[PDB]
$ cat structure21.csv   # CSV, C-alpha atoms
chain,number,residue,atom,x,y,z
A,10,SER,CA,-4.9,-1.8,-9.1
A,11,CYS,CA,-7.5,-3.3,-6.8
A,12,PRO,CA,-10.9,-1.6,-6.1
A,13,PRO,CA,-10.5,2.2,-6.6
A,14,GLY,CA,-8.7,4.0,-3.7
A,15,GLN,CA,-6.8,0.7,-2.8
A,16,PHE,CA,-3.2,-0.2,-3.8
A,17,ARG,CA,-0.8,-3.1,-3.0
A,18,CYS,CA,2.4,-2.6,-1.0
A,19,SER,CA,5.3,-5.2,-1.0
A,20,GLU,CA,4.1,-7.8,-3.4
A,21,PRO,CA,4.3,-7.1,-7.3
A,22,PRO,CA,1.5,-7.8,-9.9
A,23,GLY,CA,1.0,-11.4,-11.2
A,24,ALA,CA,0.6,-12.2,-7.5
A,25,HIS,CA,-2.6,-10.1,-6.9
A,26,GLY,CA,-2.6,-10.5,-3.0
A,27,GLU,CA,-4.4,-8.2,-0.6
A,28,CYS,CA,-4.2,-4.4,-1.0
A,29,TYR,CA,-4.6,-1.5,1.5
A,30,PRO,CA,-6.4,2.0,1.2
A,31,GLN,CA,-4.6,4.9,-0.6
A,32,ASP,CA,-5.6,6.7,2.6
A,33,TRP,CA,-2.7,4.5,3.8
A,34,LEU,CA,-0.5,6.1,1.1
A,35,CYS,CA,1.3,9.0,2.9
A,36,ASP,CA,-0.8,8.8,6.1
A,37,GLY,CA,2.2,10.1,8.1
A,38,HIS,CA,2.4,6.6,9.5
A,39,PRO,CA,4.0,3.5,7.6
A,40,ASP,CA,2.0,0.3,7.2
A,41,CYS,CA,3.5,-1.3,4.0
A,42,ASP,CA,5.2,-4.0,6.0
A,43,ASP,CA,8.2,-2.0,4.7
A,44,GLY,CA,6.6,1.4,5.3
A,45,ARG,CA,6.9,2.0,1.5
A,46,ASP,CA,3.4,3.5,1.7
A,47,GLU,CA,5.1,6.6,3.2
A,48,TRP,CA,8.0,6.7,0.9
A,49,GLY,CA,8.1,9.8,-1.2
A,50,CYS,CA,4.3,10.5,-0.5
A,51,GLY,CA,3.7,10.1,-4.3
$ encode --input "structure21.csv" --output "structure tokens"
Amino acid sequence: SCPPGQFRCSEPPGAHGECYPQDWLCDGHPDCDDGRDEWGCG
């Protein structure tokens, strides 16, 4: 919950932080600083 097509990785809400594209949600390459963008691909 950022702009559309952008999600947040390894920091929960109430600490809004800096998101990444949902292109970088199952890219075939991790980036989540845990790679939890890859995890389960949905």
$ atom_distance --input "structure21.csv" --atom1 "CA of residue 27 in chain A" --atom2 "CA of residue 13 in chain A"
13.5 Å
$ atom_distance --input "structure21.csv" --atom1 "CA of residue 16 in chain A" --atom2 "CA of residue 50 in chain A"
13.5 Å
$ closest_residue --input "structure21.csv" --among "A:10, A:30, A:24, A:18" --to "residue 46 in chain A" --atoms "all atoms listed in the file"
A:18
$ residues_around --input "structure21.csv" --residues "residue 44 in chain A" --least-positions-apart "3" --cutoff "10 Å" --atoms "only C-alpha atoms" --output "PyMOL selection string"
chain A and resi 18-19+33-35+38-41+47-48
$ atom_distance --input "structure21.csv" --atom1 "CA of residue 11 in chain A" --atom2 "CA of residue 51 in chain A"
17.6 Å
